[PDB]
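# What would the 3D arrangement of this be:
(chains A, B, C, D, E, F, G and H, ligands or ions: 1)
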Amino acid sequence: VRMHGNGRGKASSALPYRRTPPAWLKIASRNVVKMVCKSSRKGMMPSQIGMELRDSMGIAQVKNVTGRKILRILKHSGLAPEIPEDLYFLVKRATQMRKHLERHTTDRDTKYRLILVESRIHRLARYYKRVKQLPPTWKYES
Amino acid sequence: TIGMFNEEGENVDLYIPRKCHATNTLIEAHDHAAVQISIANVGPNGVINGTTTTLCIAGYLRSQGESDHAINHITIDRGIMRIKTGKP
Amino acid sequence: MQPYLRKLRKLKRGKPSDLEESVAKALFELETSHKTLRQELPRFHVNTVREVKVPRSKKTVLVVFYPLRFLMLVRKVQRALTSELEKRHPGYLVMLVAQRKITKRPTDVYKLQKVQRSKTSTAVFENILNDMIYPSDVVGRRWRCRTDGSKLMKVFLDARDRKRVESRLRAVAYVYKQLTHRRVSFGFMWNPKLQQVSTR
Amino acid sequence: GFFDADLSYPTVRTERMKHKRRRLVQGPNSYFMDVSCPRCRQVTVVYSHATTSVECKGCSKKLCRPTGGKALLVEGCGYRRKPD
Amino acid sequence: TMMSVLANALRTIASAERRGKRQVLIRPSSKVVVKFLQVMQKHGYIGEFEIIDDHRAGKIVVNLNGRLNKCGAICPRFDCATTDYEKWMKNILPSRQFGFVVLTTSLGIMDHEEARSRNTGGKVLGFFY
RNA sequence: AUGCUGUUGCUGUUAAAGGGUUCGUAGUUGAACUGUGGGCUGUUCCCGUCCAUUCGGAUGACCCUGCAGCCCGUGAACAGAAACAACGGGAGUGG
RNA sequence: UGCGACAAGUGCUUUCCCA
RNA sequence: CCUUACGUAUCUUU
Ligand SMILES: [Mg+2]
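Residues are numbered from 1 along each chain as shown, chains lettered A, B, ... in the order given. Below is the structure:
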């Protein structure tokens, strides 16, 4: 996390050059869309759908099997989240810090880290309002 | 045909200097670490001929430690020194 | 009006060529005589088949254009089509490439944004190359800009599929220049993860 | 020695050591494997770095355990790595 | 963050050439940085170079032949009229005999000598000598 | 004169000078990609079959940018498709 | 509306259900 | 003429 803090950490997933399903999997592109849209009806957000297909079904990179991405499959089906997944987990983090700070009035470090997550919230929500993924009146809680 | 000319085609400069065979670096007159090494061309019976292969190396390249890597890279290119064993 | 002519576009059913008839007869034959082709061939039909003579001969390539609607249709069933067409056609090497339109790159900066990126000449030409060698996907790609001002694109393939496609590469590299008017040269990579070139 | 490094075509010894993004063309480290359940015996496809705990769809059991790197398969299960 | 990719590329070429290397690895690349290198090939300051395809921005491996002293990038890309070539030659070039100022013009990316002959002007990209 | 006002073109560890640390608006700066084509004609060694036993021998390499015509990706034609981007109150009395 | 030709950058002689 | 790849011990262990 480079934007807030001094971390220069470089740990990512390195996608393959050879963008092709490995020919030992016989699952249809039609069925992967059914499995992706099913997991969203069990409440899974798009980052969690892809790991469950990566780990157990052998579908690394849903984009390569079905030509479109996971969140695009969800937006077509009507199963997109109301606010984006990035903004969800930052708001859900920021409310868990504040419920901590109401009983722990002098947690000096978590009051600093709460400034940083809300700075990320107001900086993402400016992106999503500009790109029209979010309504213009949106305006984070606190 | 090396060195600057006149527009009358007479070679104007004195002293076209040497160049390093590793780094193409023009060897200056005060570069007192710059050496020439003459390697004997040898015949089919393993006795030297009257001809030698001379390669000249700049002084900073010897200063760092990188001359010995450069003499290898030259003599493989000239065909003087073999790069690996033959197959057993 | 003969029944093999369903395996052909309607503009050519009236006056087919000698090659357009020969492919469509063989492509109509492959229902009742083949297993996996029964599921996919009743929908399929070819636009035109164009024959090109390679300068180093003894196998003359036979290039069969089909509508790009049937792209995933053929990919499911390719290497059964090219094997069975080249079996019914002796001494011909059969390519099945889709017919793709290219949008010329707009001068306007606003039209350039609206361009469908599939109709891009860079995107079309890399799909045409994938059609010529379908089971062997493109492992790597390099451009060597040698000193005389020329670029040569080198495409690397997986060395595991050398025996399946070694005779075809001299043909593929020529027909890719017939269709795209670009020059390609091929090589192979053993262990393509670590970018190791085959070296004979 | 006597062979110089070529940056376009690096040695297999040099290139196998590198980080996956510090390669000349970056690529995965992971892979898929075909894991047979210890009872129940039915094959499953398990990712090598599966942070979730994959379940046997037939057996109902969990035949994987996440770690900091590669996930650990259960005792008594058979597995062979899948290609590509 | 990286701002100018051409200024990055010319700085890694010039650094590795004063160290006397045989090859550089340039990352990332562009259409601009290969059109700069092909100016440097035509007047023989570099050798053959090779663009490796990621599905990312590429990488370029450039073979050096000892002839380049310094290549650099002028940032920002100042606009240069046809009357302004003799001003830019006296500022960044060591002599009027050798050395080139590369410009991006309407006709393409060219050096200063070609652009003077075709009577064009452009924005200055960089130099090599 | 004075690169002692520095855009060209200055300094900032110790000489004057980095502001205690983060967030942060105005501001300035900002990653790669959609492409510049093609055709013809000019311009002696070494590798084995006989000898010898911790050191020998007779016996397959290499050598000979310039002008024109392009449906100017490929389809599809042999004007049709592809790609393209009506006023006399008019004209030295309706060229 | 019926009807005669030809296309289609995504196979409707499909895809789901269901027997 | 810039290699198509390679070497594994110690001691504590209901
Ligand atoms: Mg008129």
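# before we move on, could you check phi and psi at residue D:47?
Listed backbone geometry of residue D:47 is phi -70, psi 150, with angles given as degrees, to the nearest 10.
# do residue C:140 as well
Residue C:140 has phi and psi values of phi -160, psi 170 when expressed as degrees, to the nearest 10.
# Distance-wise, check it relative to RNA strand H.
With distances taken as CB to the nearest atom of the strand, to the nearest Å, residue C:140 is found 14 Å from RNA strand H. Every residue, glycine included, has its C-beta placed from N, CA and C.
# List the contacts of that residue.
Listed by CB atoms under 8 Å, 6 or more residues apart in numbering or on different chains, the contact set of residue C:140 reads A:17, C:155-156, C:189, C:192, C:195, D:25, E:52-53.
# For chain C, see how far away the residue nearest to the spatial centre of chain A is.
The central residue of chain A, meaning the one whose C-alpha is nearest the mean C-alpha position (CA atoms, centre = their mean), is residue A:85 at 3.8 Å. For residue A:85, the distance to chain C under the criterion CB to the nearest CB, to the nearest Å works out to 26 Å.
# Over to residue E:44?
Between residue E:44 and chain C the computed distance is 7 Å (CB to the nearest CB).
# Now do the helices in chain B.
B:59-64, B:67-78 (DSSP state H).
# Those: which one's closest to RNA strand G?
When these are compared for distance to RNA strand G using CB to the nearest atom of the strand, the nearest one is helix B:67-78, at 48.7 Å.
# residues in contact with the closest one?
Helix B:67-78 is touched from outside by B:21-23, B:37, B:39, B:53, B:55, B:57, B:61, B:80-83, D:1-2, D:4, with contacts defined as CB under 8 Å, 6+ apart.
# which one of those sits closest to residue C:175?
Using CB to CB, the shortest approach to residue C:175 within these belongs to residue D:4, at 38.4 Å.
# Please identify the longest strand in chain B, counting by residues.
Determined from DSSP state E, the single longest strand within chain B is strand B:48-57.
# Contacts only, for the residue in chain C that chain D sits nearest to.
Each residue of chain C has a distance to chain D, by CB to the nearest CB, and the smallest belongs to residue C:194, at 4.4 Å. In this structure, residue C:194 makes contact with D:12, D:15-16, D:23, judged by CB under 8 Å, 6+ apart.
# For these, give me JSON lines that also has distance to residue C:123, neighbour count and secondary structure.
As requested, those are exported to JSON lines (distance: CB to CB, whole Å; neighbours: other CB atoms under 10 Å in any protein chain shown; DSSP: H, G, I helix; E, B strand; the rest coil):
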{"residue": "D:12", "distance to residue C:123": "33", "neighbour count": "12", "secondary structure": "helix"}
{"residue": "D:15", "distance to residue C:123": "30", "neighbour count": "17", "secondary structure": "helix"}
{"residue": "D:16", "distance to residue C:123": "33", "neighbour count": "13", "secondary structure": "helix"}
{"residue": "D:23", "distance to residue C:123": "26", "neighbour count": "16", "secondary structure": "coil"}
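# Quick check: the two most widely separated of those?
So, the contacts of residue C:194 by CB to CB: farthest apart are D:12 and D:23, at 12.0 Å.
# Can you check what angle separates the longest strand of chain B from helix B:67-78?
Relative orientation of strand B:48-57 and helix B:67-78, computed by axes from the mean of the first three to the mean of the last three CA atoms, to 10 degrees: 130 degrees.
# Quick one: name the residues of chain E near chain C.
E:34, E:37-38, E:41-42, E:44, E:47-53 (CB under 8 Å from any CB of the partner chain).
# just the buried members of those residues?
Neighbour counting with 16 or more other CB atoms under 10 Å in any protein chain shown marks E:34, E:37-38, E:41, E:47, E:49-53 as buried within the residues of chain E next to chain C.
# Show me the contact partners of stretch D:24-32.
By CB under 8 Å, 6+ apart, the surrounding residues in contact with stretch D:24-32 are A:13-17, A:22, A:58, A:60, C:140, C:193, C:195, D:7-8, D:10, D:15, D:20, D:45-49, D:81-82, E:52-54, E:56, E:59.
# Could you write me a ChimeraX select line covering just the buried ones among those residues?
Of those, the buried ones go into a single ChimeraX selection, burial set by 16+ other CB under 10 Å:
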select /A:14,15,16,17,58,60 /C:140,193,195 /D:7,8,10,15,45,46,47,48,49,82 /E:52,53,54,59
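# Show only the entries of the contacts of stretch D:24-32 found in helices.
Of the positions in the contacts of stretch D:24-32, residue D:15 sit in helices, assigned by DSSP H.
# which of the residues in stretch B:58-66 are buried?
Result for stretch B:58-66 [16+ other CB under 10 Å]: buried residues B:58-62.
# I'd like to know which of the contacts of residue C:194 is nearest to chain E.
Each of the contacts of residue C:194 was scored against chain E by CB to the nearest CB, and residue D:23 proved nearest at 10.1 Å.
# distance of that closest one from residue C:23?
Here the distance between residue D:23 and residue C:23 works out to 44 Å (CB to CB, to the nearest Å).
# what's the nearest residue to residue A:10 if we skip its chain neighbours?
Leaving aside its chain neighbours, residue A:10 sits nearest to residue D:21 (7.3 Å; criterion: CB to CB, 6 or more residues apart in numbering or on different chains).
# rewinding a little: among the contacts of helix B:67-78, which are in reach of chain E?
Answer for the contacts of helix B:67-78 near chain E (CB under 8 Å from any CB): B:22-23, B:61, D:4.
# List the contacts of residue B:25.
When the contact criterion is CB under 8 Å, 6+ apart, the partners of residue B:25 are B:19, B:58, B:60-61, E:20, E:66.
# ok, so of the residues you listed, who is nearest residue E:128?
Set against residue E:128, the nearest of the contacts of residue B:25 by CB to CB is residue E:66 (13.7 Å).
# quick one, phi psi at the residue lying closest to that closest one once chain neighbours are set aside?
The shortest distance from residue E:66 to any residue other than its chain neighbours is 2.6 Å, reached at residue B:24 (CB to CB, 6+ apart). According to degrees, to the nearest 10, the main-chain angles of residue B:24 amount to phi 60, psi 30.
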